[PDB]
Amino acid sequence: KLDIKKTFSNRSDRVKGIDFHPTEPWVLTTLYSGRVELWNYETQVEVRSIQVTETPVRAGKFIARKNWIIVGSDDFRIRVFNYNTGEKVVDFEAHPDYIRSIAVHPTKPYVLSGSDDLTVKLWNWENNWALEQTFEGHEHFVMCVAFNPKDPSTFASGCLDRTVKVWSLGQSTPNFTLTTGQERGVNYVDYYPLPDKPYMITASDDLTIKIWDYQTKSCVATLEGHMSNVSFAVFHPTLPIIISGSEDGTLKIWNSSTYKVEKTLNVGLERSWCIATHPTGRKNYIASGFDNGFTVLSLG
């Protein structure tokens, strides 16, 4: 069903974070070398690059409505840059340990960061980037945070403590805790974006991807299709598929109805670490970051 085309591939140091701009044909990549890059994948031209730090930058997102990128790095800092001028906007110590993941609220001026310090923190850019809340309860590194796109007053965190917690902004205790049975912990969590299913998905070092119903708080399915740690698994915004990537070097595209792998892709950049999908499904674009660079693919 899929006519997959290679749009652009770029060789670089290990890519740890990746994101699509919603209106410009750009991807942001954040590298293990401390560099962050903005690429136009249609013209294949580097728009901007910034040496942010000497430590890995694991997390990076566009905040398009503010013309910003926001990045989190192993030196404990969150930094924000204006992508039009290159100007640094803010630079602060966010956690006393590595930052694994950043999520940006779709309508409110809030950012979440998930950290090895066992917490998620909420920052408010309309209050001078003040720490508004710290979410405590996890017992190992918080690897991934994601707002519920259908209800962004709530969000999920995936953790190496083998749980996903779902939280409410303004509330100190989680709504609930899912014990994943993923005994090597959770590396990633993502929400299904459409109203027809109240589903989330987790990826683990235990080789599995699991689909969860957040209303019944039950596991719908366990999908095992990789030979090494699964770095991520996400629902596509417009196609009935799931995309996963692994330290086995593959991307897999799963049918989201049958839970079968429909395509296995080896882009030849060694281990896969991160994923993004174009937020409005433009050309059904997806992009993944690897040890040896990144690739942008269109799906037809």
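All residue numbers refer to positions in the sequence shown, first residue = 1.
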| item | value |
| --- | --- |
| Residue stretch of maximal mean CA temperature factor, 193 to 201 vs 69 to 77 | 193 to 201 |
| Of 36 to 44 and 51 to 59, the stretch whose C-alpha atoms average the higher B-factor in the entry | 36 to 44 |
| Residue selected from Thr29, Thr258, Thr250, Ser231 by maximal Cα B factor | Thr258 |
| Residue with maximal Cα B-factor (values as given in the PDB entry) among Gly137, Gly158, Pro152, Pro109 | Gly137 |
| Within-chain third of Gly289 by Cα B-factor, per the entry | lowest |
| Third of the chain's Cα B-factor distribution that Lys16 belongs to, per the entry | lowest |
| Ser246, C-alpha B-factor rank within chain (lowest, middle or highest third) | lowest |
| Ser272, C-alpha B-factor rank within chain (lowest, middle or highest third) | lowest |
| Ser115 by Cα B-factor - lowest, middle or highest third of the modelled chain | middle |
